[PDB]
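A closer look at the structure
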Amino acid sequence: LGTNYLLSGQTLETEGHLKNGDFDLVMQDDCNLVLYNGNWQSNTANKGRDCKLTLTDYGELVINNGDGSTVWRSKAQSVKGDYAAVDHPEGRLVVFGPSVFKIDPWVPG
Amino acid sequence: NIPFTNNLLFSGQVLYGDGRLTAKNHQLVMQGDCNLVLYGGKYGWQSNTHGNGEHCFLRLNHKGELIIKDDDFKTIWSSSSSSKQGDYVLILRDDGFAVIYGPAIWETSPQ
């Protein structure tokens, strides 16, 4: 996983975090997603155990508990494609996408 | 000004004079010779613009296009990726790909 971003198709697990500067986004053991120093939380404390954050290929963030039930979602969706949720250094998690340009160093020239 | 993060470039930020993004095994460098180069495995990449301008800088705008300009604002290189108006981010990802995502569709806000 990246330090400060989550991509479409990736999972932030229980105890996982994204960090940028003093801001620390944690998918906590109590199922609450909390952005330390950012005054924000999903407010899902005690709505499950073994919770995981994902990001859909429509740009929606989704928290699911340990038995697959959706406990929270960001609601905003856009076209189908690749997205990234990034911890901005001013202290906000922002969903950007779809992708629009790619530089690929694995192939010629 | 937006504070710098090593693997990101947000709309409005600029790189120049060997400023670069850095991630695992890769660097994307806006060199003092006016060439934008992605260093690291396998092949790497370049804009192929060595010597084409003086004091060039890279900037991402608010339609998802990345531009190299010289000191007089002549275009040296463009990503040709112009899109909807908004906030974008260039990520030099841990897998080596540099990808422009946007616009922003959702954000947390203080509660």
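Residues numbered from 1 in each chain as written, not as in the entry; some residues may be left out. Chains lettered and ligands numbered in written order. Heavy atoms only, no water.

- The deposited coordinates derive from X-ray crystallography, with the record listing a resolution of 2.1000 Å.

**Observations regarding the overall build of chain B**
- Across its full length, chain B carries zero helices and twelve strands.
- The linear arrangement of helices and strands in chain B, starting from the amino end, is β-β-β-β-β-β-β-β-β-β-β-β.
- For the C-alpha atoms alone, the extent of chain B along its principal axes is close to 50 × 35 × 25 Å.
- Relative to its full complement of 111 residues, chain B shows a buried share of 51%.
- Pairs at least 24 residues apart make up 33% of the contacts formed inside chain B by residues separated by at least 6 positions.
- For chain B, the accessible surface area stands at approximately 5400 Å², while carbon and sulfur atoms represent 45% of it.
- The positive charge centre, built from 9 side chains, and the negative charge centre, built from 11, are 7 Å apart in chain B. (Helix = DSSP H or I, 4+ residues; strand = E, 2+ residues; numbered from the N terminus. Buried < 20%, exposed > 50% of the residue type's maximum accessible area, 1.4 Å probe, protein only. Contact = heavy atoms within 4.5 Å. Areas by Shrake-Rupley, 256 points an atom, 1.4 Å probe, with all protein chains shown as cover. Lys, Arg positive; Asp, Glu negative; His and termini not counted. Charge placed at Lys NZ, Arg CZ, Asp CG, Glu CD.)

**Let's talk about the UniProt feature "disulfide bond" in chain A**
All names here are of chain A.
- The UniProt disulfide joining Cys-31 and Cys-51 is present here, with an S-S separation of 2.0 Å. Of this pair, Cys-31 sits in the loop between β4 (23-27) and β5 (33-36) while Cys-51 sits in the loop between β6 (40-41) and β7 (52-55), placing them 20 residues apart in sequence. Across the pair, exposure class does not vary: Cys-31 and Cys-51 are buried alike. (Disulfide = S-S within 2.5 Å. UniProt positions renumbered as here; feature names shortened; annotations may be inferred.)

**Looking at a nonpolar patch on the surface**
- There is a patch of nonpolar side chains on the surface, built from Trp106(A), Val107(A) and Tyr43(B) and spanning about 280 Å² of accessible area.
- Here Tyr43(B) lies in the loop between β5 (36-40) and β6 (45-46).
- Overall, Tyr43(B) belongs to the partly exposed group, its relative accessible area being 46%. (Patch = residues over 30% accessible without salt bridge, like charges linked within 9 Å, V, L, I, M, F, W, Y side chains within 5 Å. Salt bridge = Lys/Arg side-chain N within 4 Å of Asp/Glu carboxyl O.)

**Regarding the packing of aromatic side chains**
- This model, assessed by the stated rule, comprises seven aromatic pairs over all chains.
- Aromatic side chains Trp72(A) and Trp106(B) sit 6.0 Å apart centroid to centroid with 75 degrees between the ring planes, which places their arrangement in the edge-to-face category. Placement of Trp72(A) in strand β9 (residues 70-73) and of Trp106(B) in strand β12 (residues 104-107) is noted, with the two residues assigned to different chains. In terms of burial, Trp72(A) and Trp106(B) fall into one category: buried.
- An angle of 85 degrees between the planes, with centres 5.9 Å apart, marks the rings of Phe57(B) and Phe73(B) as edge-to-face. Linking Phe57(B) in strand β7 (residues 57-60) with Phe73(B) in the loop between β8 (66-69) and β9 (75-78), this pair joins segments that are 16 residues apart in sequence. (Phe/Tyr/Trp six-rings, centres within 6.5 Å; stacked < 30°, edge-to-face > 60°.)

**Section: the state of the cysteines**
- Overall, the coordinates contain two disulfides over all chains when judged by the stated rule.
- With a sulfur-sulfur separation of 2.0 Å, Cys31(A) is cross-linked through a disulfide to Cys51(A). A torsion of -100 degrees about the S-S bond marks the disulfide between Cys31(A) and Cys51(A) as left-handed.
- Its relative accessible area of 0% is what places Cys31(A) among the buried residues.
- Two residues share a disulfide in this structure: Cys34(B) and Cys56(B), whose sulfurs sit 2.1 Å from each other. Since a negative S-S torsion denotes a left-handed disulfide, the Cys34(B)-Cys56(B) link at about -90 degrees is left-handed. Note that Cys34(B) is positioned in the loop between β4 (26-30) and β5 and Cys56(B) in the loop between β6 and β7, a separation of 22 residues in sequence.
- Residue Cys56(B) is classed as buried on the basis of its relative accessible area, which comes to 4%.

**Structural notes on the sheet that holds β5(B)**
All names here are of chain B.
- The strand order β3-β4-β5-β6 describes an open sheet built from four strands, whose pairing is antiparallel. Looking at strand neighbours, the two that pair on one side only are β3 (19-23) and β6, the edges of this open sheet.
- Pairing analysis gives five bridges linking β4 to β5, with the strands arranged antiparallel. Considered in β5, the bridge of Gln-27 is made with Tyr-39. (Pairing = 2+ DSSP bridges.)

**A closer look at the pairing of strand β8 (residues 61-64) of chain A**
All names here are of chain A.
- The sheet contact formed by β7 and β8 spans four bridges and is antiparallel. If you follow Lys-52 over to β8, its bridge partner there is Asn-64.
- Taken together, β7 and the strand that follows it, β8, pair antiparallel across an intervening segment of five residues, in which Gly-59 is found at a positive phi of about 85 degrees.
- Pairing geometry for β8 and β9, over three bridges, is antiparallel.

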